[PDB]
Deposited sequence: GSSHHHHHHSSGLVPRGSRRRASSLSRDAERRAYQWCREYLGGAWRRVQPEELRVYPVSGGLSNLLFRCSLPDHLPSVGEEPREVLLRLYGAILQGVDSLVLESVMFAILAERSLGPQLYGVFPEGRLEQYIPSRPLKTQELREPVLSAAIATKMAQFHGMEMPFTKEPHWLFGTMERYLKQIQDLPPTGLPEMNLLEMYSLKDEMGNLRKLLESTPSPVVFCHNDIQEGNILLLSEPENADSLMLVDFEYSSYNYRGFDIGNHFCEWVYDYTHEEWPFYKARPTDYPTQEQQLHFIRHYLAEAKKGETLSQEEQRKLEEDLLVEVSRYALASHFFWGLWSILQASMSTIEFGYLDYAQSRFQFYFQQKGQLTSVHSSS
């Protein structure tokens, strides 16, 4: 649309500057990749200074405090080379670095060399000191909030038993909390959504970059790792309803888990002098830690998915997905 093009043009000229000042409106069109759009400097123009030639316009399409935290977080991760560079912030959105790349696919997560690189990157992320609350209320605080939001949803006319009741989730949350309370896991700065779609394979390699910090917070290490392992099971590119596919046998084997964990710990502990024996203990303990915190991935996203279903119709089977996550929760809990 004319208006959308004009706004993008203005934002690029104003926030990027440099060569962008020389761009004529007729030479720039936005490309959707929807709230996300690519903008590229015309080939004929040389860059002036360090201003980027390739950006993504992200439109917000959220509380004040929330927006402050989100923007500060993005800005800091950019400075630390853990996210895309930040070129403009304005009321409607932001301008970010377009990272030349493609996202990983579900099946690629299991490849040993990529898996090692993901583990290293996650550990790097977990090394960050960020100016946010360090108290680990995010996990159960968010789940408790989601549960309350679900309880408060207006009835829709759908006749099925409420998933909260079918799976006894209010009670089960207490059961999960008790299990996890018995399971030490250090509190670190977590991504919280390290799925394939958020892992960019760089065309100009440090071979990967994480994106999508919507859910990031100080949280239990075990959640970030366990959540990533859960993602090995789900492909969100499936072309028929419900528009995801679960392959439970694709959950990582013990050997695949340990491979990841060894590389994670190599990065996390790189500044430390540890014996082979101490290292093995750290690995074994982390295996157990993750086996329990992985359950929280199912619980968390199942609750989140019920809420998504309340805002959805036929574009994705959110309720179906929720039920998949809760089924796997009880299966894997039973397998501990």
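Engineer: Residue ranges with no C-alpha coordinates, please: along the deposited sequence, counted from 1, in order.
Structural biologist: The deposited sequence has unmodelled segments at 1-25, 59-63, 92-94, 239-241, 373-379.
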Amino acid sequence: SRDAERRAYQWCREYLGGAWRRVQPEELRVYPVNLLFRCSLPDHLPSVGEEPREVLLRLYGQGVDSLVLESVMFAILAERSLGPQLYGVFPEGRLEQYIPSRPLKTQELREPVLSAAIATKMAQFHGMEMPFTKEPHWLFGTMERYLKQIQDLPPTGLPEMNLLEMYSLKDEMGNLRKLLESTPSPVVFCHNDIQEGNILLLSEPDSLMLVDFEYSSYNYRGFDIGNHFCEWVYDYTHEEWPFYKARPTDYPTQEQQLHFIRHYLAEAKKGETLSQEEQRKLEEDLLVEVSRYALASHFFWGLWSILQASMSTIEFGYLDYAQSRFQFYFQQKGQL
From here on, numbers count along this sequence of modelled residues.
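Engineer: Per the entry, where is the mean C-alpha temperature factor higher: 143-151 or 227-235?
Structural biologist: It is 143-151.
Engineer: Should the higher mean CA B-factor in the entry be assigned to 100-108 or to 191-199?
Structural biologist: Looking at the record's C-alpha B-factors, the answer is 100-108.
Engineer: Which listed residue, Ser216, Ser81, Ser115, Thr253, has the largest C-alpha temperature factor in the record?
Structural biologist: Among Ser216, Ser81, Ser115, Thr253, the highest C-alpha B-factor in the entry belongs to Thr253.
Engineer: At the C-alpha atoms, which of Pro186, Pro131, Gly157, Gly93 reaches the highest B-factor in this entry?
Structural biologist: Of the candidates given, the C-alpha B-factor peaks at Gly157.
Engineer: Taking the entry's C-alpha B-factors for this chain, is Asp212 in the lowest, middle or highest third?
Structural biologist: Lowest third of the chain for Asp212's C-alpha B-factor.
Engineer: Among the modelled residues of its chain, does the C-alpha B-factor of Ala19 lie in the lowest, middle or highest third?
Structural biologist: For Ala19, whose C-alpha B-factor we compare with every modelled residue in the chain, the answer is the middle third.
Engineer: Sort the modelled residues of this chain by their C-alpha B factor and say whether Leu41 lands in the lowest, middle or highest third.
Structural biologist: Within its chain, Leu41 is a middle-third residue by C-alpha B-factor, going by the deposited values.
Engineer: Looking at the entry's B-factor column for C-alpha atoms only, identify whether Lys178 ranks in the lowest, middle or highest third of its chain.
Structural biologist: Ranked within chain, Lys178 CA B lands in the highest tercile.
Engineer: By its CA B factor, does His298 count among the lowest, middle or highest third of the modelled residues in the chain?
Structural biologist: Lowest third of the chain for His298's C-alpha B-factor.
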